[PDB]
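To begin, one chain is listed below as structure tokens, in the form deposited in one PDB entry.
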């Protein structure tokens, strides 16, 4: 691997469902690359009969200097209209990945708990979901990292 992930911090946690995800990412690039790096955030929800996946946001970073790199990725929140009501207040996953020329080489997975912010709503969840009352809590200190060997240049 030409790129090593050195640190990753969620800056705003817990947060509203509709708040952007702020990831402070520290990495090192060990030699010059021809292309930019593409950071992506993916939502994965699990309902009874299928998963729902959403590409939440992506950003191209480059040209990448050799050595240490650090930035905050502020990723757009999910499109709630694409998520079943029951899944909006469930445990879900987000996957933060980096790719090179379209090839994913690192993936950082997080558990996320979503619940209503009022006792009455938690115990009597309404038929018509009230997204402004949903709070997310990312399990930010226990990242689930996967690395993949890729072709670089």
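Numbering follows the first chain given and starts at 1. Only residues modelled in both forms are compared. Under this definition, the rigid core comprises the largest set of C-alpha atoms superposing within 1.5 Å between the forms.
Absent from the display: the form deposited in another entry. The rest refers to it.
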Using the rigid core as the fixed frame, list which single one of 46, 113, 42, 26 shifts its Cα by at least 2 angstroms between this form and the one not shown. 46
Specify closer or farther for residue 47 and residue 99: how their Cα atoms are spaced in the other form versus the shown form, given a shift of 3 angstroms or more. closer
Distance trend in the other form - C-alpha atoms of residue 139 and residue 51, change of 3 Å or more: farther
After a core superposition, which runs of 3 or more consecutive residues shift by at least 2 Å in C-alpha position between this form and the one not shown? 45-52
